Each structure stands twice: as structure tokens, then as C-alpha cells.
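Below is work14.cif, which holds mmCIF, C-alpha atoms and all ligand atoms; chains and numbers go by the auth columns.
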```cif
data_start
loop_
_atom_site.group_PDB
_atom_site.id
_atom_site.type_symbol
_atom_site.label_atom_id
_atom_site.label_comp_id
_atom_site.label_asym_id
_atom_site.label_seq_id
_atom_site.Cartn_x
_atom_site.Cartn_y
_atom_site.Cartn_z
_atom_site.B_iso_or_equiv
_atom_site.auth_seq_id
_atom_site.auth_asym_id
ATOM 1 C CA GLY A 1 122.048 102.981 92.302 0.00 1 A
ATOM 2 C CA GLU A 2 123.410 104.422 95.609 0.00 2 A
ATOM 3 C CA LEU A 3 123.936 107.952 94.156 0.00 3 A
ATOM 4 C CA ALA A 4 120.502 107.939 92.484 0.00 4 A
ATOM 5 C CA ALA A 5 118.825 106.745 95.701 0.00 5 A
ATOM 6 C CA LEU A 6 120.543 109.382 97.821 0.00 6 A
ATOM 7 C CA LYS A 7 119.678 112.259 95.393 0.00 7 A
ATOM 8 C CA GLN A 8 115.976 111.180 95.540 0.00 8 A
ATOM 9 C CA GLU A 9 116.134 111.216 99.354 0.00 9 A
ATOM 10 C CA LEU A 10 117.884 114.628 99.331 0.00 10 A
ATOM 11 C CA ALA A 11 115.257 116.045 96.937 0.00 11 A
ATOM 12 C CA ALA A 12 112.351 114.865 99.102 0.00 12 A
ATOM 13 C CA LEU A 13 113.883 116.333 102.251 0.00 13 A
ATOM 14 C CA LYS A 14 114.588 119.758 100.597 0.00 14 A
ATOM 15 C CA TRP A 15 110.854 119.977 99.574 0.00 15 A
ATOM 16 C CA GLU A 16 109.921 119.318 103.224 0.00 16 A
ATOM 17 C CA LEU A 17 112.540 121.852 104.453 0.00 17 A
ATOM 18 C CA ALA A 18 111.330 124.498 101.966 0.00 18 A
ATOM 19 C CA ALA A 19 107.729 124.028 103.105 0.00 19 A
ATOM 20 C CA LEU A 20 108.604 124.188 106.810 0.00 20 A
ATOM 21 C CA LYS A 21 110.774 127.341 106.475 0.00 21 A
ATOM 22 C CA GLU A 22 107.848 129.100 104.709 0.00 22 A
ATOM 23 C CA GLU A 23 105.453 128.019 107.490 0.00 23 A
ATOM 24 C CA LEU A 24 107.941 129.238 110.156 0.00 24 A
ATOM 25 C CA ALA A 25 108.335 132.569 108.332 0.00 25 A
ATOM 26 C CA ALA A 26 104.530 132.955 108.210 0.00 26 A
ATOM 27 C CA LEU A 27 104.084 132.253 111.924 0.00 27 A
ATOM 28 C CA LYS A 28 106.939 134.572 113.064 0.00 28 A
ATOM 29 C CA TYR A 29 105.942 137.546 110.793 0.00 29 A
ATOM 30 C CA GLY A 30 102.119 137.144 110.505 0.00 30 A
ATOM 31 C CA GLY B 1 133.400 113.811 95.505 0.00 1 B
ATOM 32 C CA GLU B 2 129.638 113.913 94.777 0.00 2 B
ATOM 33 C CA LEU B 3 128.692 110.972 97.085 0.00 3 B
ATOM 34 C CA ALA B 4 130.712 112.351 100.017 0.00 4 B
ATOM 35 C CA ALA B 5 129.229 115.822 99.518 0.00 5 B
ATOM 36 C CA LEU B 6 125.667 114.491 99.357 0.00 6 B
ATOM 37 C CA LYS B 7 126.038 112.338 102.536 0.00 7 B
ATOM 38 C CA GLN B 8 127.224 115.463 104.429 0.00 8 B
ATOM 39 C CA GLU B 9 124.275 117.481 103.025 0.00 9 B
ATOM 40 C CA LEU B 10 121.782 114.718 103.944 0.00 10 B
ATOM 41 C CA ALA B 11 123.064 114.623 107.526 0.00 11 B
ATOM 42 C CA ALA B 12 122.853 118.416 107.879 0.00 12 B
ATOM 43 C CA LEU B 13 119.336 118.586 106.421 0.00 13 B
ATOM 44 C CA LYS B 14 117.943 115.904 108.787 0.00 14 B
ATOM 45 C CA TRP B 15 119.250 117.988 111.745 0.00 15 B
ATOM 46 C CA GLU B 16 117.729 121.189 110.237 0.00 16 B
ATOM 47 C CA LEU B 17 114.329 119.492 109.722 0.00 17 B
ATOM 48 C CA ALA B 18 114.304 118.220 113.314 0.00 18 B
ATOM 49 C CA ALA B 19 115.325 121.669 114.625 0.00 19 B
ATOM 50 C CA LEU B 20 112.648 123.526 112.662 0.00 20 B
ATOM 51 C CA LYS B 21 109.824 121.189 113.825 0.00 21 B
ATOM 52 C CA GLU B 22 110.935 121.860 117.455 0.00 22 B
ATOM 53 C CA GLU B 23 110.918 125.650 116.795 0.00 23 B
ATOM 54 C CA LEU B 24 107.369 125.335 115.332 0.00 24 B
ATOM 55 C CA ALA B 25 106.281 123.343 118.410 0.00 25 B
ATOM 56 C CA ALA B 26 107.720 126.094 120.653 0.00 26 B
ATOM 57 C CA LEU B 27 105.952 128.899 118.791 0.00 27 B
ATOM 58 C CA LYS B 28 102.488 127.183 118.966 0.00 28 B
ATOM 59 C CA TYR B 29 102.741 127.231 122.801 0.00 29 B
ATOM 60 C CA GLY B 30 104.336 130.675 123.109 0.00 30 B
HETATM 61 NA NA NA C . 126.045 104.800 92.528 0.00 1 C
HETATM 62 NA NA NA C . 120.895 104.151 99.909 0.00 2 C
HETATM 63 NA NA NA C . 133.045 110.864 96.970 0.00 3 C
HETATM 64 NA NA NA C . 123.861 110.716 105.572 0.00 4 C
HETATM 65 NA NA NA C . 126.570 104.871 104.633 0.00 5 C
#
```
How would this structure read if it were set down as C-alpha cells?
Amino acid sequence: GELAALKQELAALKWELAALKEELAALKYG
Amino acid sequence: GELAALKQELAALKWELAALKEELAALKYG
């Protein structure tokens, strides 16, 4: 339970992070 | 210890997300 829950939360956040870093990259260099 | 490691990574990532949104905000307004 706790481990599963936390890995789902981690996963979600890393998708958001990935997206945001790509958007930042775009804005700084284009 | 997988749980320990993941709680540290979660913490870090929430700070990184916050930081990046503030950088995006900054760049929109110069
Ligand atoms: Na568990
Ligand atoms: Na939990
Ligand atoms: Na642990
Ligand atoms: Na945490
Ligand atoms: Na806790």
C-alpha cells in the first residue's frame, strides 16, 4: 500500500516535471 | 531502503516543480 501509493505519486509528478522542463527549454531557446 | 529513497525524491521533485513554475512566471514578464 504505502510504497505503491508513493510510486504512483512520484510517477505523476515526473510527468509534470518532464512537461514543464520541455516548455521552459522552448521558451528560453525559441 | 526503497521507501526512504522515494520520500527524499518526492520532496526534491515538489521543490523543483515549484521552482520551475516560478521561472516560467518570470520569463512571461521578462
Ligand atoms: Na508498503
Ligand atoms: Na501515502
Ligand atoms: Na527504507
Ligand atoms: Na515526501
Ligand atoms: Na510520512
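What separates atom NA of ligand NA 3 (chain C) from atom CA of residue A:3 is a distance of 10.0 Å.
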Got a sec to pull out which chain B residues are within 9 Å of chain A, counting all atoms listed in the file, and send them as a ChimeraX atom specification? /B:2-3,6-7,9-10,13-14,16-17,20-21,23-24,27-28
Any chance you could fit chain B onto chain A with least squares, all Cα atoms in order, and share the moved copy as a PDB file with C-alpha atoms, in the coordinates of the input?
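The result, written out as selection_35.pdb:
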```pdb
ATOM      1  CA  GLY B   1     120.820 101.570  93.845  1.00  0.00           C
ATOM      2  CA  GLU B   2     122.412 103.724  96.587  1.00  0.00           C
ATOM      3  CA  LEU B   3     123.238 106.732  94.320  1.00  0.00           C
ATOM      4  CA  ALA B   4     119.739 106.808  92.793  1.00  0.00           C
ATOM      5  CA  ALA B   5     118.137 106.533  96.236  1.00  0.00           C
ATOM      6  CA  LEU B   6     120.285 109.325  97.675  1.00  0.00           C
ATOM      7  CA  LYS B   7     119.584 111.741  94.751  1.00  0.00           C
ATOM      8  CA  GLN B   8     115.821 111.231  95.324  1.00  0.00           C
ATOM      9  CA  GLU B   9     116.273 111.822  99.090  1.00  0.00           C
ATOM     10  CA  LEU B  10     118.370 114.971  98.472  1.00  0.00           C
ATOM     11  CA  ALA B  11     115.698 116.413  96.177  1.00  0.00           C
ATOM     12  CA  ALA B  12     112.917 115.699  98.690  1.00  0.00           C
ATOM     13  CA  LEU B  13     114.860 117.188 101.611  1.00  0.00           C
ATOM     14  CA  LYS B  14     115.611 120.475  99.776  1.00  0.00           C
ATOM     15  CA  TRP B  15     111.834 120.868  99.159  1.00  0.00           C
ATOM     16  CA  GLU B  16     111.087 120.044 102.847  1.00  0.00           C
ATOM     17  CA  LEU B  17     113.668 122.598 104.080  1.00  0.00           C
ATOM     18  CA  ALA B  18     112.215 125.307 101.829  1.00  0.00           C
ATOM     19  CA  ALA B  19     108.658 124.443 102.952  1.00  0.00           C
ATOM     20  CA  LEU B  20     109.500 124.527 106.660  1.00  0.00           C
ATOM     21  CA  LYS B  21     111.248 127.945 106.439  1.00  0.00           C
ATOM     22  CA  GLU B  22     108.071 129.318 104.742  1.00  0.00           C
ATOM     23  CA  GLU B  23     105.890 127.812 107.531  1.00  0.00           C
ATOM     24  CA  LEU B  24     108.181 129.460 110.152  1.00  0.00           C
ATOM     25  CA  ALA B  25     107.896 132.794 108.300  1.00  0.00           C
ATOM     26  CA  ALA B  26     104.082 132.439 108.325  1.00  0.00           C
ATOM     27  CA  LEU B  27     103.917 131.674 112.047  1.00  0.00           C
ATOM     28  CA  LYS B  28     106.082 134.726 113.035  1.00  0.00           C
ATOM     29  CA  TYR B  29     103.472 137.016 111.387  1.00  0.00           C
ATOM     30  CA  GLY B  30     100.391 135.099 112.540  1.00  0.00           C
TER      31      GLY B  30
END
```
